[PDB]
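Student: This structure is in structure tokens; I'll ask about it shortly.
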Number of protein chains: 2
Amino acid sequence: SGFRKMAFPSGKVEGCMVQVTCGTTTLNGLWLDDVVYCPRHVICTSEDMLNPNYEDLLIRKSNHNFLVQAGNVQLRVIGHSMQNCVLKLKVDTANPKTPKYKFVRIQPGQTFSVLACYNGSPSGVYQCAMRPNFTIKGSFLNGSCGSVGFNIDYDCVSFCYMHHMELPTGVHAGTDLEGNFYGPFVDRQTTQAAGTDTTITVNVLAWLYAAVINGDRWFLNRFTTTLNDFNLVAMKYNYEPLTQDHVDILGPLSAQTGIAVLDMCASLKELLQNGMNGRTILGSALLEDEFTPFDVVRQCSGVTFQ
Amino acid sequence: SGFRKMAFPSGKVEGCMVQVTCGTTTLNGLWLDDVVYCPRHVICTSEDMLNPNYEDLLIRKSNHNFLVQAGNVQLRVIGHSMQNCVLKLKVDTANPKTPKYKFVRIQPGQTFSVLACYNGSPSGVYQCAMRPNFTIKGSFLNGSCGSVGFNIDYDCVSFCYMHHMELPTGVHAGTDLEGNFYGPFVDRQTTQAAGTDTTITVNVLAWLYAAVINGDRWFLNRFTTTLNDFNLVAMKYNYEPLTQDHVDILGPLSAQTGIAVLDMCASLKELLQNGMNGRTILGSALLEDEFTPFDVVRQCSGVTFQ
Ligand SMILES: *C(=N)[C@H](C[C@@H]1CCNC1=O)NC(=O)[C@@H]1[C@@H]2[C@H](CN1C(=O)[C@@H](NC(=O)C(F)(F)F)C(C)(C)C)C2(C)C
Ligand SMILES: *C(=N)[C@H](C[C@@H]1CCNC1=O)NC(=O)[C@@H]1[C@@H]2[C@H](CN1C(=O)[C@@H](NC(=O)C(F)(F)F)C(C)(C)C)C2(C)C
């Protein structure tokens, strides 16, 4: 019944976006209750950003130095603090469209939806994955910072990402909502390299399950294997180790398609050795690693929100 | 700065979704002002759907036979009519979250965002294209019908699709919001075939422009060509004819990258002849045809909504 890179619906989060201006720098903010969270480099000028001293810049700021606009309405700031690489502006108005929400810090391999924004206005929404090198393959221009990444569980928005910077290779980096970066990056304009990226094995298998459910079954073989042996052949192709926790997490997909997890591992071994020989799987000639087990289940069983 | 299959933010449309039940059939509705639009096969039973007589079924229905739920709130129906394959239920309450909206009928080649819903609740959002054979490569399960496709221009939602049925090959079919199908399909459970699908040439070129902007330039050659000659080589590969209107529509991307449209056509000719020889473009080993000129411009210049 089809299989696509699907994102969460964005309305709950659109109701939280605002514009934060400080001097001439403008970027995005998240308004939740009476607090606005945004990247702390909003207090910089251009020339500060090469090697900035944030605490020093913040001393010279008052409440009134921050311009916070929700649509046309201006939000008076009544306090400011800095928490790691994020900035919290207390405001005089609680956001009446605040959803149930929590702040989470995802693990490498987990996915989320990004609502890319400019000037506090939503431009578009797409689904990303936290790569094992702690980067994301997103799409962002100048002024995108403060755009956020999230998951929805029924009614609760789990905010897990806030965008800060783009790295030499076209990939992106940021923080959780407490302002700690993911990976070894810092918020300054200096040379930073990513680290080598490894392929998320459990997400590939999840995608192969997605393919069977959808009738694409040519890659299934009749063989099995052991976790140990599988992991030796994967290592060579820069695939992450598959833990037993991964196997257990794949149990629901295993149960529903009646294909033991270690059979699917066998099928993947073959694909890593022999290549596809010019065939596709779900429309793709490359093995895809940006869908979690949970993503496959929600899409191929039709889970909804609110 | 990255390039992804990006969808419009969905909040404006989420505020319009409702659940329509009639007998035991439940599917999705669109509530705009005081009218709910949904697929007319909500009035069927299972066994009716093999060869249904819709006008006959609707005679036997009253207002009170339709259960319309917006969240927990029930909407009293105060009238019903049928317009082609869509059904309009007048209700006693106008939807206070109705956006500025219009109903449009897109052309093959145009893209839009689908908000897949079940039981009047949003499950996820993704971007599709109206294929030249008048199908879409979507992702839908039972109960998805009435989910809608749309574009946003600043503040106005242009609704262009409503989902009705899935075709033997995993692809999907539906109507505009006046209830006319796209392509030769009808709303009955009988064998229907798609027609052969052709590749949308102008969208491919747009994607190649997207690639240059993003620094991927290996496929550019030094040669030019004529529209005429180009179109002869494309025909063989089941690529649509490139009209002069297409060339003009590509003028903004041409202007910004300083690459005449007919140079890019030359570069595409080579790719259709020689293949990629194992290289990628924007991460893909296949030429991609699901981004319009307009989509590339909005994403790679950062257009926002509201
Ligand atoms: C936030 N609004 C922008 C978003 C950027 C702009 C281009 N694409 C994006 O994702 N973030 C920044 O401009 C951050 C910000 C200063 C510099 N910066 C960068 O993203 C730069 N990157 C780096 O210096 C590097 F190489 F370390 F990654 C830039 C050269 C502009 C891509 C600060 C405070 C780090
Ligand atoms: C609306 N809620 C569903 C959505 C379907 C279910 C599976 N994926 C979808 O997109 N639509 C239907 O069930 C429509 C509906 C009766 C039958 N139908 C179909 O989609 C069927 N297709 C066809 O009969 C065919 F081959 F012509 F395309 C089905 C076999 C269930 C896929 C009506 C009124 C056409």
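We label chains A, B, ... in the order they appear in the structure tokens, count residues from 1 in each chain, and number ligands from 1 in the order shown.
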Check every protein, DNA and RNA residue against ligand 1, keep those with an atom at most 8 Å away (counting only C-alpha atoms and all ligand atoms), and present them as a ChimeraX atom specification.

Tutor: /A:26-28,41,44,49-50,139-146,163-168,172-173,185-193 /B:1

Student: Would you mind exporting the chosen residues as a short mmCIF file (atom, residue, chain, number, x, y, z; two decimals), in the first residue's frame, restricted to N, CA and C atoms?

Tutor:
```cif
data_model
loop_
_atom_site.label_atom_id
_atom_site.label_comp_id
_atom_site.auth_asym_id
_atom_site.auth_seq_id
_atom_site.Cartn_x
_atom_site.Cartn_y
_atom_site.Cartn_z
N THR A 26 18.95 37.90 13.07
CA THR A 26 17.61 37.38 13.25
C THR A 26 17.62 35.87 13.02
N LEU A 27 17.06 35.12 13.97
CA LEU A 27 16.81 33.72 13.73
C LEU A 27 15.56 33.25 14.48
N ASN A 28 15.34 31.93 14.49
CA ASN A 28 14.08 31.34 14.91
C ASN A 28 14.06 31.08 16.42
N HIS A 41 24.00 32.07 19.50
CA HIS A 41 24.77 32.91 18.59
C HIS A 41 23.91 34.01 17.95
N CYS A 44 25.51 37.33 18.58
CA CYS A 44 26.75 37.71 17.91
C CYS A 44 26.50 38.70 16.78
N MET A 49 31.67 35.80 15.27
CA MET A 49 31.32 34.39 15.14
C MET A 49 32.54 33.53 14.84
N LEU A 50 33.68 34.16 14.54
CA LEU A 50 34.92 33.45 14.24
C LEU A 50 35.52 32.89 15.52
N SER A 139 18.44 20.23 5.23
CA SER A 139 18.37 21.26 4.20
C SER A 139 18.01 22.60 4.86
N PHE A 140 19.00 23.50 4.91
CA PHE A 140 18.92 24.72 5.70
C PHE A 140 19.71 25.83 5.03
N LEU A 141 19.19 27.05 5.10
CA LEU A 141 19.87 28.22 4.56
C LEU A 141 20.18 29.20 5.69
N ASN A 142 20.65 30.41 5.36
CA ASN A 142 20.88 31.41 6.38
C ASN A 142 19.56 31.76 7.04
N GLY A 143 19.60 32.00 8.35
CA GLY A 143 18.40 32.33 9.11
C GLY A 143 17.57 31.12 9.53
N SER A 144 18.02 29.89 9.26
CA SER A 144 17.26 28.69 9.60
C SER A 144 17.41 28.28 11.06
N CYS A 145 18.47 28.76 11.72
CA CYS A 145 18.82 28.36 13.07
C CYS A 145 17.67 28.63 14.04
N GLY A 146 17.54 27.72 15.01
CA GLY A 146 16.38 27.69 15.88
C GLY A 146 15.26 26.82 15.32
N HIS A 163 18.63 23.55 15.41
CA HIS A 163 19.66 23.69 14.38
C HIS A 163 20.60 24.85 14.69
N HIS A 164 21.91 24.62 14.52
CA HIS A 164 22.91 25.66 14.82
C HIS A 164 23.84 26.01 13.64
N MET A 165 24.29 25.02 12.86
CA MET A 165 25.41 25.25 11.96
C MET A 165 25.47 24.18 10.87
N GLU A 166 26.22 24.49 9.81
CA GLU A 166 26.40 23.58 8.70
C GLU A 166 27.89 23.31 8.50
N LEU A 167 28.23 22.05 8.18
CA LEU A 167 29.59 21.57 8.25
C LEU A 167 30.10 21.42 6.82
N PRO A 168 31.44 21.37 6.61
CA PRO A 168 32.04 21.58 5.29
C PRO A 168 31.44 20.69 4.21
N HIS A 172 24.70 18.81 8.70
CA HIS A 172 24.28 19.81 9.66
C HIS A 172 24.49 19.35 11.10
N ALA A 173 24.55 20.31 12.03
CA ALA A 173 24.86 20.03 13.42
C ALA A 173 24.05 20.94 14.33
N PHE A 185 30.94 19.15 18.13
CA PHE A 185 30.98 20.45 17.48
C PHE A 185 30.81 21.54 18.54
N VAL A 186 31.27 22.75 18.17
CA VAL A 186 31.01 23.95 18.96
C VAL A 186 30.44 25.03 18.03
N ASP A 187 29.76 26.01 18.65
CA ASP A 187 29.12 27.09 17.91
C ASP A 187 30.12 28.23 17.63
N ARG A 188 31.09 27.95 16.75
CA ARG A 188 31.96 28.99 16.24
C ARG A 188 32.36 28.63 14.81
N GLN A 189 32.62 29.68 14.02
CA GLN A 189 32.98 29.59 12.62
C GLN A 189 34.48 29.33 12.49
N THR A 190 34.82 28.03 12.53
CA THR A 190 36.18 27.52 12.44
C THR A 190 36.10 26.15 11.77
N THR A 191 37.22 25.59 11.33
CA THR A 191 37.17 24.33 10.61
C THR A 191 36.74 23.24 11.58
N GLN A 192 35.71 22.47 11.20
CA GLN A 192 35.25 21.33 11.97
C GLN A 192 34.98 20.19 10.99
N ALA A 193 35.46 18.98 11.29
CA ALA A 193 35.19 17.83 10.43
C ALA A 193 34.25 16.87 11.14
N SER B 1 23.76 23.69 0.76
CA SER B 1 23.14 23.76 2.11
C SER B 1 22.07 22.67 2.31
#
```

Student: Write down as a ChimeraX atom specification the residues of stretch 88-234 of chain A whose backbone DSSP state falls under strand (DSSP E).

Tutor: /A:88-91,101-103,111-118,121-129,148-153,156-166,172-175

Student: Pick out the residues sitting within 10 Å of residue B:24, and hand them over as a PyMOL selection string; count only C-alpha atoms, and ignore anything fewer than 4 positions along from it in its own chain.

Tutor: chain B and resi 42-46

Student: Could you check how far atom CA of residue B:58 sits from atom 14 (C, counted along the ligand's line) of ligand 2, in Å to one decimal?

Tutor: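 Atom 14 (C, counted along the ligand's line) of ligand 2 lies 17.9 Å from atom CA of residue B:58.
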
Student: Which chain A residues are at most 6 Å from chain B (counting only C-alpha atoms), as a JSON list (two decimals) with N, CA, C and O atoms, in the first residue's frame?

Tutor:
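And here is the file that came out, out.json:
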```
[["chain", "number", "residue", "atom", "x", "y", "z"],
["A", 1, "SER", "N", 0.83, -1.23, 0.00],
["A", 1, "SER", "CA", 0.00, 0.00, 0.00],
["A", 1, "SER", "C", 0.86, 1.27, 0.00],
["A", 1, "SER", "O", 0.34, 2.36, 0.26],
["A", 2, "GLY", "N", 2.16, 1.15, -0.34],
["A", 2, "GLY", "CA", 3.08, 2.26, -0.60],
["A", 2, "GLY", "C", 4.04, 2.47, 0.57],
["A", 2, "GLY", "O", 3.74, 2.09, 1.70],
["A", 3, "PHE", "N", 5.20, 3.10, 0.31],
["A", 3, "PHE", "CA", 6.15, 3.35, 1.38],
["A", 3, "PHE", "C", 6.98, 4.59, 1.09],
["A", 3, "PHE", "O", 7.77, 4.58, 0.16],
["A", 6, "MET", "N", 8.17, 9.64, 5.47],
["A", 6, "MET", "CA", 7.01, 10.31, 6.02],
["A", 6, "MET", "C", 7.48, 11.10, 7.23],
["A", 6, "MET", "O", 8.29, 10.59, 8.00],
["A", 7, "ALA", "N", 6.94, 12.32, 7.40],
["A", 7, "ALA", "CA", 7.24, 13.14, 8.56],
["A", 7, "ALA", "C", 6.02, 13.24, 9.45],
["A", 7, "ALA", "O", 4.92, 13.01, 8.99],
["A", 8, "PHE", "N", 6.22, 13.65, 10.69],
["A", 8, "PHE", "CA", 5.09, 13.94, 11.55],
["A", 8, "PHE", "C", 4.40, 15.20, 11.05],
["A", 8, "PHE", "O", 5.03, 16.13, 10.54],
["A", 9, "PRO", "N", 3.07, 15.30, 11.24],
["A", 9, "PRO", "CA", 2.37, 16.57, 11.02],
["A", 9, "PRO", "C", 2.88, 17.63, 12.00],
["A", 9, "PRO", "O", 3.12, 17.34, 13.18],
["A", 10, "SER", "N", 2.94, 18.87, 11.51],
["A", 10, "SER", "CA", 3.77, 19.92, 12.05],
["A", 10, "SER", "C", 2.96, 20.95, 12.82],
["A", 10, "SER", "O", 3.56, 21.84, 13.40],
["A", 11, "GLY", "N", 1.63, 20.89, 12.79],
["A", 11, "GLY", "CA", 0.81, 21.99, 13.29],
["A", 11, "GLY", "C", 1.11, 22.33, 14.75],
["A", 11, "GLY", "O", 1.13, 23.50, 15.15],
["A", 121, "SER", "N", 8.73, 31.85, 10.48],
["A", 121, "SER", "CA", 7.68, 31.31, 9.62],
["A", 121, "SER", "C", 8.11, 29.96, 9.04],
["A", 121, "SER", "O", 9.25, 29.80, 8.60],
["A", 122, "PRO", "N", 7.21, 28.95, 9.03],
["A", 122, "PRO", "CA", 7.54, 27.61, 8.57],
["A", 122, "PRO", "C", 7.66, 27.56, 7.07],
["A", 122, "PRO", "O", 6.76, 28.03, 6.39],
["A", 123, "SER", "N", 8.75, 26.96, 6.57],
["A", 123, "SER", "CA", 9.00, 26.83, 5.14],
["A", 123, "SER", "C", 8.64, 25.43, 4.65],
["A", 123, "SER", "O", 8.26, 25.27, 3.50],
["A", 124, "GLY", "N", 8.77, 24.42, 5.51],
["A", 124, "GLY", "CA", 8.63, 23.04, 5.07],
["A", 124, "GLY", "C", 9.05, 22.05, 6.15],
["A", 124, "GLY", "O", 9.73, 22.43, 7.10],
["A", 125, "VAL", "N", 8.65, 20.79, 5.97],
["A", 125, "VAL", "CA", 8.89, 19.75, 6.96],
["A", 125, "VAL", "C", 9.42, 18.49, 6.26],
["A", 125, "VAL", "O", 8.90, 18.10, 5.22],
["A", 126, "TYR", "N", 10.46, 17.88, 6.85],
["A", 126, "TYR", "CA", 11.06, 16.65, 6.34],
["A", 126, "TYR", "C", 11.58, 15.80, 7.50],
["A", 126, "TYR", "O", 11.74, 16.28, 8.61],
["A", 138, "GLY", "N", 20.31, 17.30, 6.44],
["A", 138, "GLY", "CA", 19.16, 18.19, 6.36],
["A", 138, "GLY", "C", 19.26, 19.16, 5.19],
["A", 138, "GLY", "O", 20.04, 18.92, 4.27],
["A", 139, "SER", "N", 18.44, 20.23, 5.23],
["A", 139, "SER", "CA", 18.37, 21.26, 4.20],
["A", 139, "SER", "C", 18.01, 22.60, 4.86],
["A", 139, "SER", "O", 16.87, 22.79, 5.30],
["A", 140, "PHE", "N", 19.00, 23.50, 4.91],
["A", 140, "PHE", "CA", 18.92, 24.72, 5.70],
["A", 140, "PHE", "C", 19.71, 25.83, 5.03],
["A", 140, "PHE", "O", 20.79, 25.58, 4.50],
["A", 170, "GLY", "N", 28.34, 19.70, 3.58],
["A", 170, "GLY", "CA", 26.90, 19.87, 3.35],
["A", 170, "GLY", "C", 25.98, 19.31, 4.45],
["A", 170, "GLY", "O", 24.77, 19.36, 4.33],
["A", 303, "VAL", "N", -0.53, 4.37, 12.42],
["A", 303, "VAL", "CA", -0.61, 5.07, 13.70],
["A", 303, "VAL", "C", -0.84, 6.57, 13.44],
["A", 303, "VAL", "O", -0.25, 7.13, 12.51],
["A", 304, "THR", "N", -1.69, 7.20, 14.28],
["A", 304, "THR", "CA", -2.07, 8.60, 14.13],
["A", 304, "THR", "C", -1.83, 9.36, 15.45],
["A", 304, "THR", "O", -1.51, 8.75, 16.47],
["A", 305, "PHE", "N", -2.01, 10.69, 15.39],
["A", 305, "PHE", "CA", -1.59, 11.62, 16.44],
["A", 305, "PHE", "C", -2.75, 12.57, 16.78],
["A", 305, "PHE", "O", -3.26, 13.29, 15.93]]
```

Student: DSSP on the backbone: which residues in stretch 79-306 of chain A end up as alpha helix (DSSP H)? Give the answer as number ranges by chain.

Tutor: A: 201-213, 227-236, 244-249, 251-257, 261-274, 293-301

Student: Using only C-alpha atoms and all ligand atoms for the distances, tell me which of B:70, B:22, B:194, B:30 is nearest to ligand 2.

Tutor: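 Ranking B:70, B:22, B:194, B:30 by distance to ligand 2, first place goes to B:194.
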
Student: Within 9 Å of residue B:107, counting only C-alpha atoms, which residues show up once you throw out same-chain ones fewer than 4 positions away? Write them as a ChimeraX atom specification, please.

Tutor: /B:130,132,134

Student: Show me, as a PDB file with C-alpha atoms, in the first residue's frame, the residues that have an atom within 10 Å of residue B:35 when counting only C-alpha atoms, minus same-chain residues fewer than 3 positions from it.

Tutor:
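In the end it all went to result-v6.pdb:
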```pdb
ATOM      1  CA  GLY B  29     -13.507  14.351   5.840  1.00  0.00           C
ATOM      2  CA  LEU B  30     -12.443  17.925   5.030  1.00  0.00           C
ATOM      3  CA  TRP B  31     -14.360  20.554   7.016  1.00  0.00           C
ATOM      4  CA  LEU B  32     -14.292  24.061   5.420  1.00  0.00           C
ATOM      5  CA  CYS B  38     -15.558  13.263   1.666  1.00  0.00           C
ATOM      6  CA  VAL B  77     -25.533  17.312   9.371  1.00  0.00           C
ATOM      7  CA  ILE B  78     -28.314  19.547   7.982  1.00  0.00           C
ATOM      8  CA  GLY B  79     -28.060  18.625   4.293  1.00  0.00           C
ATOM      9  CA  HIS B  80     -26.308  16.370   1.789  1.00  0.00           C
ATOM     10  CA  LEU B  87     -20.090  14.175  -1.163  1.00  0.00           C
ATOM     11  CA  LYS B  88     -20.910  17.456   0.552  1.00  0.00           C
ATOM     12  CA  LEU B  89     -22.456  17.493   4.026  1.00  0.00           C
ATOM     13  CA  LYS B  90     -23.835  20.843   5.138  1.00  0.00           C
ATOM     14  CA  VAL B  91     -23.331  21.216   8.891  1.00  0.00           C
ATOM     15  CA  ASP B  92     -24.747  23.506  11.595  1.00  0.00           C
ATOM     16  CA  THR B  93     -21.279  24.762  12.609  1.00  0.00           C
ATOM     17  CA  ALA B  94     -18.740  26.634  10.526  1.00  0.00           C
ATOM     18  CA  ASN B  95     -15.168  25.493  11.184  1.00  0.00           C
TER      19      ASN B  95
END
```

Student: Which residues are near stretch 200-213 of chain B? Cut-off 6 Å, only C-alpha atoms, ignore same chain within fewer than 6 positions. Put them as number ranges by chain.

Tutor: B: 239-240, 288-289, 291-293

Student: Between B:113, B:199, B:267, B:53, which is the closest to ligand 2 once you count only C-alpha atoms and all ligand atoms?

Tutor: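 Selected residue with least distance to ligand 2: B:53.
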